[PDB]
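In what follows, a structure is listed as structure tokens, so that the remarks can point back to it.
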Amino acid sequence: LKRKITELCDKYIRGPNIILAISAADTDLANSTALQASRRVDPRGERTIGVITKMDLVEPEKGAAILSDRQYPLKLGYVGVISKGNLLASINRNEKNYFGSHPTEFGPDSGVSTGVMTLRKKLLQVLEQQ
Amino acid sequence: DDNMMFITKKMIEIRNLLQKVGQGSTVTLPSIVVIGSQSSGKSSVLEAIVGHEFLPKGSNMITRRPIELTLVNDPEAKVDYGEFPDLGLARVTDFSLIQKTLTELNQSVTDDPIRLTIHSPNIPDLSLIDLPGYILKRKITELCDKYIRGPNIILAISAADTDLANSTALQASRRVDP
């Protein structure tokens, strides 16, 4: 939580590992924040991919702000997804289904990318390359 | 404590004067700074709304410019009117006109904060400033950090969702205020 745990994190992030940063979306007060340490150890944003989580519970305008930004660009892009027998298929069905509520906000031709499978493919590519 | 009310009023006045001599060109008096995560910041703007009366917030707000709200205890006046100091001597009766105006300032976007003054007998005189809630995004956090570091009475709101490491309003509150 705090940061002293920060010390371990920082050390691990430094070296040339492919860093997977996530960020909770929302915010009652002003709003939902964003990343920070990934940009601290990686100024170019070249070896870090971003995931925006808890994205079920924000207006779609909110997803657009977060999934797509240019104020904070990186290669490999961000990936927004809501995570929460046969649970696997289920979490897949929900992802397929949810964008329907606000398809225009995060769907085809929208810049943003989302759901677990596209993210998984990208992870495969970057891992293989590095 | 009517006299406490009055003394707070004179002190917010002298604060606004110090602000009118210029930014960084003088020392100022503290005030309430409000911060909130994405969900916590929608609840933030809505909270500020209900703290006095309905005023234009939310929708899609660029959040890039803070809003210095300076409130006045309003005896002797029976109409709910809010005015802009830059547009001096100009009063607004309905806050839908305030909606069109200050949301026009939103879509306009200097980093200067717009000052505001609202008079209502129901509202107690105050001095809160609303800056962007947390969601490049490092820039908004830079201005926020700059505002909270100085000994202002910080008002943190919460209704979040982020992991323990994610909830930004309270955790930054503890960052600058141990």
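Labels for the structure tokens follow display order: chains A, B, ..., residues from 1 in each chain, ligands from 1.
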Quiz item: What residues in chain B have any atom no more than 7 Å from chain A when counting only C-alpha atoms, and can you write them as a ChimeraX atom specification?
Solution: /B:35-45,132-138,156-166,168-169
Practice problem: Can you pull out every residue within 8 Å of residue A:21, counting only C-alpha atoms, but drop anything in the same chain fewer than 2 positions away, and send it as number ranges by chain? | Solution: A: 19, 23, 35, 38, 48-51
Self-check item: 10 Å contact set for residue A:117, only C-alpha atoms, chain neighbours under 4 positions out, as a list in words
Solution: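 Here the qualifying residues turn out to be residues 92, 95, 121, 122 and 123 of chain A.
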Practice problem: Please give the complete set of residues from chain B that DSSP, run on the backbone, assigns to alpha helix (DSSP H), formatted as a ChimeraX atom specification. | Solution: /B:2-21,38-50,95-108,137-149,168-176
Quiz item: Could you pull the residues within 7 Å of stretch 109-124 of chain B, counting only C-alpha atoms, minus those fewer than 5 positions along the same chain, as a PyMOL selection string?
Solution: chain B and resi 52+64-75+80-85
Serialized selection, C-alpha atoms, as a PDB file, in the first residue's frame:
ATOM      1  CA  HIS B  52     -24.925  25.534  -0.688  1.00  0.00           C
ATOM      2  CA  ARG B  64      -7.730  22.171 -16.060  1.00  0.00           C
ATOM      3  CA  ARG B  65      -8.549  25.429 -14.254  1.00  0.00           C
ATOM      4  CA  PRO B  66      -9.359  25.588 -10.525  1.00  0.00           C
ATOM      5  CA  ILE B  67     -12.399  27.471  -9.255  1.00  0.00           C
ATOM      6  CA  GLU B  68     -11.926  29.802  -6.275  1.00  0.00           C
ATOM      7  CA  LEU B  69     -15.344  29.808  -4.603  1.00  0.00           C
ATOM      8  CA  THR B  70     -15.647  32.638  -2.077  1.00  0.00           C
ATOM      9  CA  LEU B  71     -18.941  32.608  -0.192  1.00  0.00           C
ATOM     10  CA  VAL B  72     -20.610  35.449   1.710  1.00  0.00           C
ATOM     11  CA  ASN B  73     -23.093  35.317   4.548  1.00  0.00           C
ATOM     12  CA  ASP B  74     -26.097  37.008   2.994  1.00  0.00           C
ATOM     13  CA  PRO B  75     -28.368  38.866   5.376  1.00  0.00           C
ATOM     14  CA  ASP B  80     -29.926  33.915  -4.568  1.00  0.00           C
ATOM     15  CA  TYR B  81     -27.389  35.640  -6.820  1.00  0.00           C
ATOM     16  CA  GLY B  82     -23.820  34.775  -7.771  1.00  0.00           C
ATOM     17  CA  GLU B  83     -21.428  37.181  -9.457  1.00  0.00           C
ATOM     18  CA  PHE B  84     -18.047  37.052 -11.178  1.00  0.00           C
ATOM     19  CA  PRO B  85     -15.291  39.382  -9.926  1.00  0.00           C
TER      20      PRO B  85
END
Practice problem: May I ask which of the residues B:149, B:57, B:10, B:78 is the closest one to residue B:100, counting only C-alpha atoms? | Solution: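 The shortest atom-to-atom distance to residue B:100 comes from B:57.
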